[PDB]
Amino acid sequence: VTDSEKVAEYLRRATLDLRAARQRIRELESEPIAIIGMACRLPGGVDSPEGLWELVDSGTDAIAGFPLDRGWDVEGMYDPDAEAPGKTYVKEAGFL
Amino acid sequence: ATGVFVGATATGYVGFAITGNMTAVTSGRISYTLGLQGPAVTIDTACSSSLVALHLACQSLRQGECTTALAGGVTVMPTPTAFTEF
Amino acid sequence: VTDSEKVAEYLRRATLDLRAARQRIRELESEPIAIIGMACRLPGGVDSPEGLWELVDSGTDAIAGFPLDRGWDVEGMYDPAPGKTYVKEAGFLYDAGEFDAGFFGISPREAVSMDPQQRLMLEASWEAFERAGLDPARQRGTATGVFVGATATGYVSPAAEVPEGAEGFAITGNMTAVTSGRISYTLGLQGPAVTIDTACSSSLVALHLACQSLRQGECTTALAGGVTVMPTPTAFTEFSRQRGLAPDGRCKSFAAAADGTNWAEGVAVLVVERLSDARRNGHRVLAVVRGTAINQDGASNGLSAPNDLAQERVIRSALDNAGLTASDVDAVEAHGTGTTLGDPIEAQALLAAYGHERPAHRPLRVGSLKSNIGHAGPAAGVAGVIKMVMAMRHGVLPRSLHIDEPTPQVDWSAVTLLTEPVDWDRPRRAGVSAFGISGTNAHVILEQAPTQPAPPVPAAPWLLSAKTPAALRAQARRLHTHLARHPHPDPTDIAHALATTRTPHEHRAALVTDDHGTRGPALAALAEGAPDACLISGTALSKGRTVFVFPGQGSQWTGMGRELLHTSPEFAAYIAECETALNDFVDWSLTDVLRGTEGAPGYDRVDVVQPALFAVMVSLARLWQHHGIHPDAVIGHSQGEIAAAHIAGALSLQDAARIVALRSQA
Amino acid sequence: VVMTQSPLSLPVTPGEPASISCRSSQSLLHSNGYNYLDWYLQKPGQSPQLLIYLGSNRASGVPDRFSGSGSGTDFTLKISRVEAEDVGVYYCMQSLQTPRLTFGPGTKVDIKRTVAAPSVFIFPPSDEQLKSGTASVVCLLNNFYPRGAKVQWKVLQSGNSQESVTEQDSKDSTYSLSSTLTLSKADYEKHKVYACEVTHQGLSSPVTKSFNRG
Amino acid sequence: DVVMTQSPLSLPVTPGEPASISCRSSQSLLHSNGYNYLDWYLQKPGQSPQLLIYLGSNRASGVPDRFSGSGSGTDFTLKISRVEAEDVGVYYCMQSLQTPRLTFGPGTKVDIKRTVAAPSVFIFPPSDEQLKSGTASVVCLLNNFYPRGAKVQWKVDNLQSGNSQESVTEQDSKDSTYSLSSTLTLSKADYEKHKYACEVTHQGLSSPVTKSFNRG
Amino acid sequence: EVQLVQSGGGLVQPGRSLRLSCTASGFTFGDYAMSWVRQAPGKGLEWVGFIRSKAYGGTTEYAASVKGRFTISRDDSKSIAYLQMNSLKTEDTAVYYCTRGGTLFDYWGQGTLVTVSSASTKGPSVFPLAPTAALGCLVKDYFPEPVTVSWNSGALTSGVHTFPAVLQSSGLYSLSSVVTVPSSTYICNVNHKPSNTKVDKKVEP
Amino acid sequence: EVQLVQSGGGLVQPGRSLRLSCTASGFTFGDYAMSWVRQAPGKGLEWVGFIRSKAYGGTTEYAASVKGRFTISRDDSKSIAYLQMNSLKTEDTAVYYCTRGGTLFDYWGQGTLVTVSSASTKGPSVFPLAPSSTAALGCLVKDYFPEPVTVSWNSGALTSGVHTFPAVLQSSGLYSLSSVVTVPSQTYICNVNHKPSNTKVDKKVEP
């Protein structure tokens, strides 16, 4: 067995290692990350991803008035001026 | 080793009182109840906090820090601070 | 060619590419990060990292009474039960309300409405950039990250109908995300601005995230920091219900008299980048963060409890990330809260992790910065790394205070505490721990920076600048004090550092002298504003186009340009070019006339003075252009216009020489 | 003897991938299971550089977008992302048989754009050069694409014409051609009409331009 | 002309210290191409060998990054950054310049390092049912000694060879120690001819410990 | 993923033939020259012989001590290699490994054990050892593996040491199981599956 | 970091010797087989020759067109490759490239432009080209041996539409480029500046 036989195996091992190293570089630089689980509780009575899909697919606008069970002075807070101190001008929003 | 990367802000909600208003616990408690040993971080980066956290979660997955992660976010408004002032 | 030699070259290419890819992997996961700058403001008068070092080395105890200007009812809120506290002193930044609003462009309205965390963090970041040899104004547009470990301590109190004064800015001025965002907004940085909420571990986690971001190429440089301020004393009252605070306020870290943990304020920031990038850019490396690790405990006895297993695991993970054996490091900046519950667990974790196979004459030396300044909170780990950095720089581990005896809750019989200072074959390495109350344990390993002329230009200007004249006087006084405590610094190096590594502000001053006996008095006269011979001062114009002016006769005197011919090679080259151009249209050489060679004509003759003036003016203008002052316009006066016509490019050198020489001859 | 051939030119655009193919006249797959082929790039104004070796193994420092593929006789170099920096000449060059006499014609790569017909402009020979003792006539083409339009002189002289091609423009990626025909004074004053006939893929017909002074 | 290679026959290690195996060739292994035709293989205990290093310096893919080969010409060394418990086994450095290669060589044993322990020497007689079976079998044994290689000899009268068979256990999971045991058998008749001591020499032993078997 | 699995090993009489099969998967079998390396029970790895690829002619070379008797073959249609032993000797007992690569053995097979000897199946001949007191039992005169020795039916585990067997001059195999205890009954049970023997022995002074 | 730097070019009249040095810095020069590959102006790459490593023997091989005339040597002590070009022919004008590896040219030098011809230094002879009678006009530079020569329309004022074609070598051995501009259907001057002759010719183009 002469050098022509010998060096070919070394080249095969070297380029296999090169391919493995390049794969590793791609594997710790741009790996695809799989979303295996999902959960959500958005407004509009959404309790799961299927709920959000039903909301968006049906074209539902989940915007309602303020919550009345948080001690908020909702009545004395509307004030449609957008400049008065400590007062909104928005009556409704998407509340969980 | 499961990470918990949460995009949460400080909400003016108000032994248990001290660990009941810190955003640092918002991701920590998940690691406590479930026993997750991966790095739990509450990543407050404004309205893009969750997506930013997802990137960090991906990074923690890419570098082998955690075999799984829980990228996510939460938003509650106990008070109308974000309505009267905006 | 034979087949063997043919495949040999392919094998060589393949193995070289293999080595390149393997090195890429190594620098893409286990890259040493370089601490190129740092800046801290911690209680006890500390304003710089050198302040921190002289504080901790001297053994000073930086705990004092509560602030009186913050509106606290300090006389009333002390009771050694229902809603009071039993501690009357802790580490405080009494100047926490002090901030230069004008310098950063911030308004007093926004500044008072803004959280003091942000106010401290901006100045700390600016100082950290300045101490790295970088001009912050030149960092605009760079892919520089910002990773701050902060928390909403509560300054505007969003749960309490935010005050009328801070109306509109209580979101921008108080969101913890804006603490990191405002640094990048003011400095114009482009890398991600992420703030981390992790209680007593956020800053070291921010350092970890900055390291990971830099390793992935997302950033060129990064700001890894933390901040803690106490607008209200609630942190003392809530933690006083349970006997967690020490009765006297001293964090007796790892001591038998450990009986609690006093909180403290402080800001501490690092400017870091990749070690290879630091070497390429010629930045000074203070230390080398080799590896980092973060994890959780999860199954702890209570949510706000420690876990020796988790601390051991993060320590081992940090050691493995850096590729270092446990015996490599000879110092640890332990968390050292001082609690009776926390100290034995932390000591057991350190003993199990680090000291298990070390030599019988090099124990691991454990200390804590909390004994000196108290528990900094979010800014604890990024201050501990500063402490270890200066310990490595000065080659001495400072003592940890208030250790009357090692605590008996742990079997020390491997690891020893730093009761007194200890001095220091292989590079110095030290660990830092930032174990948090939310269970997020963190740990970093730092290493001593690796070991890293030109002739001195004469009369090197020393440049100073500031936003306002008072700031300029303060700059001059600070520079004078700094130069007083230095054994014979090189003036050209100081000139280079002042000119390049500092922003040019509006109000500017300069010191130009060729002797090291007048610069000191000139700096003084700048300090009190008195005039001096070798001192120049002025107000730089924001905008304006430049003009070169070329008068006619009158600007002549014997020996002009003689010194410049020897000293300045560029002026010599330009004079040589002018002489070569002039030789064909005149019967003598310019260099002989300028140097005053024997027999050469004097300036009395009209035909020789005007070509000499033209050549000198052209050479000087070209020297100005060589120094970077490119004119936006040129104007002349009689024969001087010919010189202007040369600089404008309308006339070649030969044509201008012909015109001036023949015009004078006629 | 082994012979390798590729497309003469392949216009490309930044926005869509490309694939430079080429085929050998023999099975280059050596007995050791390696296609002894390499791919080199030569940019305009820079020296040649290696891209691929042994068919598919990419060289270090090359962009990952490049990728060699194929076997036997048929090989290809696929580029996922085309950039202005990657314009040049791509040589697929064998190594099974040695010594290698030459690389080959290569495969020019250039920015692709909409087809535009050339602007033909025959110019006169100035009288000053006529009295100098030499005759020269130049035919001009400007703002045309792709290159390769062939110009011929009908006087049908085919041994006195020299052509010059401008490089691809940076702004609009146009090309231009200048063909000069030289003749002696006695040779010039023999025919009273000279025509330049130009053919281009963008030309509907061979638009000829004539000049009658003699 | 055949190229020989010599390496240490043993090298105790610890879980964490850097170890370093060494090899010296009898001829210049540097090929004219400019390569060192050397290969390092690792055979774990009770497992197939695997490739560690090829061409002197190049590390095979999938091998841990701790392993790294270096050297040139005739002198080579394999270094481990942090030796692990699973890294123990046998390491074979062996050339590839000259062919054919008959054997891989004696290799290089690797084992966990611990305090030197002397052997608890013992001796047992041939049992009576073993006597009437028609054979004699005296069986000494060492116990709880480190390192390996403790030599043992059978003093049949006032030396023996060619009628003994030794056996040694692997490294103990807890003690990290070996246990040697010879088995000398001659015959039933020859046993009842005279008195059969065992002399053991070990690094932990200051002098050769001799246990007598006068009865017989 | 590269995978080599061996088959065909076991016991054989002296002078008989055997066929060891080596199945390769996860790569092109034809390109790699295939080698066979034998490790004797006690000695180091010994290179038996190798075969080149089809493109290089598939020529087969063998070691000096296995020339002619042993042969190598391969078929790339099903990607299998075969080592055919003829006129096996007692010294041929060893673990044989199939390795891709004629010179560089970058991958190795799981290793298949082969034993050559004329002695047939036979049970043990367990004997005691009369006694910080060390005592044991000596299992002797059994050919085939394996034998499992337990103490007090597995109750005693601490301090037990069972050595690997050795090659008796008669071709049978023998070992011993010993234990150290404080000076103060003990019974060792030897299960020998090939003969289904369950001999027990009480050791005492 | 691997670096190859060539030198030793310059103008040479035909039929004398010349030396091209190429210094290597950043790798083990001894083990590599070292090659020279030329590329004529406008033509493709054309391999010239190579030398094996000293370990292999150091022997040399050359392309079919350069038997005997060309020679390769190597100073391994200081790691330079030398191409000795004896008896240059008029068609050897090219950009000789210095490359590592006999069969695989992994890295290439900057390339030395060696131009050979019997022509001596001349100054340009600029001729006009009257506009046709959408309008084009040009001036043609003729009879200049050395390079480069620059052409600027209205002293560089005109930049849009200028197409300065590459120089072309005539059979007489003299270069002649040509500058042309497409004007939109005032005075149009072109200035030919020729540094080797220090010529600054100017000319108007008019119908």
# chains A, B, ... in the order shown; residues from 1 in each chain; ligands from 1

$ interface_residues --of "chain E" --to "chain A" --cutoff "9 Å" --atoms "only C-alpha atoms" --output "ChimeraX atom specification"
/E:54-55,58-62,96-97,99-100

$ closest_atom_pairs --of "chain D" --to "chain A" --cutoff "12 Å" --atoms "only C-alpha atoms" --output "JSON lines"
{"residue": "D:30", "atom": "CA", "partner": "A:8", "partner_atom": "CA", "distance": 10.8}
{"residue": "D:31", "atom": "CA", "partner": "A:8", "partner_atom": "CA", "distance": 10.1}
{"residue": "D:32", "atom": "CA", "partner": "A:8", "partner_atom": "CA", "distance": 6.7}
{"residue": "D:33", "atom": "CA", "partner": "A:8", "partner_atom": "CA", "distance": 9.2}
{"residue": "D:34", "atom": "CA", "partner": "A:8", "partner_atom": "CA", "distance": 9.3}
{"residue": "D:53", "atom": "CA", "partner": "A:15", "partner_atom": "CA", "distance": 11.1}
{"residue": "D:54", "atom": "CA", "partner": "A:15", "partner_atom": "CA", "distance": 10.3}
{"residue": "D:56", "atom": "CA", "partner": "A:15", "partner_atom": "CA", "distance": 10.4}
{"residue": "D:57", "atom": "CA", "partner": "A:15", "partner_atom": "CA", "distance": 7.6}
{"residue": "D:58", "atom": "CA", "partner": "A:19", "partner_atom": "CA", "distance": 9.7}
{"residue": "D:59", "atom": "CA", "partner": "A:18", "partner_atom": "CA", "distance": 10.4}
{"residue": "D:60", "atom": "CA", "partner": "A:18", "partner_atom": "CA", "distance": 10.2}
{"residue": "D:64", "atom": "CA", "partner": "A:22", "partner_atom": "CA", "distance": 10.0}

$ interface_residues --of "chain G" --to "chain C" --cutoff "7 Å" --atoms "only C-alpha atoms" --output "count of residues only"
3

$ interface_residues --of "chain C" --to "chain A" --cutoff "8 Å" --atoms "only C-alpha atoms" --output "MDAnalysis selection string"
chainID C and resid 3:4 7:8 10:11 14:15 17:18 21:22 24:25 161 164 167 216

$ write_last_selection --atoms "C-alpha atoms" --output "tab-separated table (two decimals), in the first residue's frame"
chain	number	residue	atom	x	y	z
C	3	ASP	CA	-1.61	11.16	-7.61
C	4	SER	CA	-0.09	11.25	-4.11
C	7	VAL	CA	-4.23	14.55	-3.21
C	8	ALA	CA	-1.74	15.92	-0.65
C	10	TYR	CA	-6.36	18.70	-1.21
C	11	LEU	CA	-5.70	17.14	2.20
C	14	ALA	CA	-9.20	20.26	3.94
C	15	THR	CA	-7.32	20.18	7.24
C	17	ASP	CA	-10.39	24.53	6.62
C	18	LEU	CA	-11.11	22.08	9.44
C	21	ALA	CA	-13.98	25.90	11.40
C	22	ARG	CA	-12.94	24.46	14.77
C	24	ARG	CA	-14.68	29.46	14.64
C	25	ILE	CA	-16.60	27.13	16.97
C	161	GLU	CA	-52.11	58.56	41.57
C	164	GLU	CA	-48.93	66.48	39.22
C	167	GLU	CA	-47.31	63.99	34.82
C	216	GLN	CA	-22.88	35.76	18.55

$ residues_around --residues "region 66-72 of chain E" --least-positions-apart "5" --cutoff "6 Å" --atoms "only C-alpha atoms" --output "PyMOL selection string"
chain E and resi 56-57+77-81

$ residues_around --residues "region 174-185 of chain F" --least-positions-apart "5" --cutoff "7 Å" --atoms "only C-alpha atoms" --output "list in words"
residues 132, 133, 134, 135, 136, 137, 138, 139, 140, 141, 142, 149, 159, 160, 161, 162, 163, 164, 165, 166 and 204 of chain F

$ closest_atom_pairs --of "chain A" --to "chain B" --cutoff "12 Å" --atoms "only C-alpha atoms" --output "Markdown table"
| residue | atom | partner | partner_atom | distance |
| --- | --- | --- | --- | --- |
| A:24 | CA | B:62 | CA | 10.7 |
| A:25 | CA | B:62 | CA | 10.5 |
| A:26 | CA | B:62 | CA | 10.0 |
| A:27 | CA | B:62 | CA | 7.3 |
| A:28 | CA | B:62 | CA | 5.0 |
| A:29 | CA | B:62 | CA | 6.9 |
| A:30 | CA | B:62 | CA | 7.8 |
| A:31 | CA | B:62 | CA | 6.4 |
| A:32 | CA | B:58 | CA | 8.8 |
| A:33 | CA | B:58 | CA | 6.6 |
| A:34 | CA | B:58 | CA | 9.6 |
| A:35 | CA | B:69 | CA | 9.8 |
| A:36 | CA | B:68 | CA | 9.6 |
| A:37 | CA | B:70 | CA | 8.9 |
| A:38 | CA | B:70 | CA | 9.4 |
| A:39 | CA | B:72 | CA | 9.1 |
| A:40 | CA | B:72 | CA | 9.3 |
| A:41 | CA | B:74 | CA | 9.5 |
| A:42 | CA | B:75 | CA | 9.8 |
| A:43 | CA | B:75 | CA | 11.2 |
| A:66 | CA | B:80 | CA | 9.6 |
| A:67 | CA | B:78 | CA | 9.9 |
| A:68 | CA | B:78 | CA | 11.8 |
| A:69 | CA | B:78 | CA | 10.4 |
| A:70 | CA | B:78 | CA | 7.2 |
| A:71 | CA | B:79 | CA | 8.8 |
| A:72 | CA | B:79 | CA | 7.4 |
| A:73 | CA | B:80 | CA | 9.7 |
| A:74 | CA | B:80 | CA | 9.6 |
| A:76 | CA | B:84 | CA | 11.9 |
| A:77 | CA | B:84 | CA | 8.3 |
| A:78 | CA | B:84 | CA | 9.3 |
| A:79 | CA | B:84 | CA | 10.1 |
| A:80 | CA | B:84 | CA | 11.4 |
| A:81 | CA | B:84 | CA | 11.2 |
| A:82 | CA | B:84 | CA | 8.5 |
| A:83 | CA | B:85 | CA | 9.3 |
| A:84 | CA | B:84 | CA | 9.1 |
| A:85 | CA | B:84 | CA | 8.0 |
| A:86 | CA | B:84 | CA | 5.3 |
| A:87 | CA | B:84 | CA | 4.7 |
| A:88 | CA | B:84 | CA | 4.1 |
| A:89 | CA | B:84 | CA | 7.6 |
| A:90 | CA | B:83 | CA | 7.3 |
| A:91 | CA | B:83 | CA | 9.6 |
| A:92 | CA | B:83 | CA | 10.3 |
| A:93 | CA | B:83 | CA | 9.7 |
| A:94 | CA | B:76 | CA | 10.8 |
| A:95 | CA | B:76 | CA | 8.6 |
| A:96 | CA | B:76 | CA | 7.9 |

$ residues_around --residues "residue 43 (chain B)" --least-positions-apart "2" --cutoff "8 Å" --atoms "only C-alpha atoms" --output "ChimeraX atom specification"
/B:5-8,41,45,49-50,52-53 /C:194-197

$ interface_residues --of "chain E" --to "chain F" --cutoff "7 Å" --atoms "only C-alpha atoms" --output "PyMOL selection string"
chain E and resi 48-51+102-106+124+127+130+165+167-169

$ select_by_dssp --residues "region 267-364 of chain C" --states "helix (DSSP H, G or I)" --output "number ranges by chain"
C: 275-281, 308-322, 326-328, 342-353

$ residues_around --residues "residue 169 (chain D)" --least-positions-apart "3" --cutoff "12 Å" --atoms "only C-alpha atoms" --output "list in words"
residues 84, 110, 111, 112, 113, 142, 143, 144, 145, 165, 166, 172, 173, 174, 175 and 176 of chain D; 160, 161, 162, 163 and 164 of chain G

$ closest_atom_pairs --of "chain C" --to "chain B" --cutoff "6 Å" --atoms "only C-alpha atoms" --output "Markdown table"
| residue | atom | partner | partner_atom | distance |
| --- | --- | --- | --- | --- |
| C:158 | CA | B:12 | CA | 5.4 |
| C:159 | CA | B:12 | CA | 4.2 |
| C:168 | CA | B:85 | CA | 5.3 |
| C:177 | CA | B:45 | CA | 4.6 |
| C:194 | CA | B:45 | CA | 5.4 |
| C:195 | CA | B:44 | CA | 5.6 |
| C:196 | CA | B:43 | CA | 4.9 |
| C:197 | CA | B:24 | CA | 4.9 |
| C:198 | CA | B:24 | CA | 4.3 |
| C:199 | CA | B:24 | CA | 5.6 |
| C:294 | CA | B:39 | CA | 5.6 |
| C:295 | CA | B:39 | CA | 4.0 |
| C:296 | CA | B:37 | CA | 4.6 |
| C:297 | CA | B:37 | CA | 5.6 |
| C:298 | CA | B:32 | CA | 4.1 |
| C:299 | CA | B:35 | CA | 5.3 |
| C:438 | CA | B:28 | CA | 5.4 |

$ residues_around --residues "region 146-154 of chain C" --least-positions-apart "2" --cutoff "6 Å" --atoms "only C-alpha atoms" --output "list in words"
residues 156, 157, 176, 180, 193, 194, 195, 196, 197, 202, 203, 206, 222, 223, 224, 225, 226, 227 and 378 of chain C

$ interface_residues --of "chain E" --to "chain C" --cutoff "8 Å" --atoms "only C-alpha atoms" --output "VMD selection string"
chain E and resid 16 to 17 33 58 82

$ atom_distance --atom1 "CA of residue 124 (chain G)" --atom2 "CA of residue 149 (chain G)"
8.6 Å

$ closest_atom_pairs --of "region 102-207 of chain C" --to "region 463-476 of chain C" --cutoff "12 Å" --atoms "only C-alpha atoms" --output "JSON lines"
{"residue": "C:102", "atom": "CA", "partner": "C:467", "partner_atom": "CA", "distance": 8.7}
{"residue": "C:103", "atom": "CA", "partner": "C:467", "partner_atom": "CA", "distance": 6.9}
{"residue": "C:104", "atom": "CA", "partner": "C:467", "partner_atom": "CA", "distance": 10.2}
{"residue": "C:105", "atom": "CA", "partner": "C:467", "partner_atom": "CA", "distance": 10.9}
